[PDB]
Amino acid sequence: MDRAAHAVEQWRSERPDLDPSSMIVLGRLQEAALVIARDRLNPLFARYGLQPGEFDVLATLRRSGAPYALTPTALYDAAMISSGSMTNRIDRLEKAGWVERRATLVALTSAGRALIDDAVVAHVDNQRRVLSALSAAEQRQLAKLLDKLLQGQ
């Protein structure tokens, strides 16, 4: 038993008036997102000098196509993840030499483009190893369920 199943077992024992079933799926959802970010994805980003949020900004600019320049609002809408604190994240990226503010647009520098071109290859390799315990059909299956859960929000 993992954290979530052990906790439901205890709750069923302590609060039999409760139906704690929903705790399994959502406890595993949040634990899986946390452990994968903390122990798998973020270490790789740190090897490139990046926080995960900073990777997303650079990746979003790169995949928007040349000249890799978006308004901060277009940047948020196109991001992989809808996290906050973006303005200071852009500030950091400009100070590091990876983005540039132009007219208002946020654009990759050449150094930033080279960095994310390098990092995204290592990232996807990292992701495949993260997912390798699931078969192809299991990954498609997990993506369909997460899509339905997400739209339900």
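Numbering starts at 1 and runs along the sequence shown.
- In the deposited entry, the stretch joining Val124 to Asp125 is continuous, with no residue of the deposited sequence left without coordinates.
- Stretches 54-62 and 40-48 differ in mean CA B factor, with 40-48 having the higher one.
- Here the stretch with the larger average CA B-factor, out of 80-88 and 113-121, is 80-88.
- Ranking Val99, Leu34, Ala103, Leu70 by the C-alpha B-factor listed in the PDB entry places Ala103 at the top.
- Split the chain's modelled residues into thirds by C-alpha temperature factor. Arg28 is in the lowest one.
- In the deposited entry, the Cα temperature factor of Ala5 places it in the lowest third of its chain's modelled residues.
- Ranked within its chain, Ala143 lands in the middle third, by CA B factor from the PDB record.
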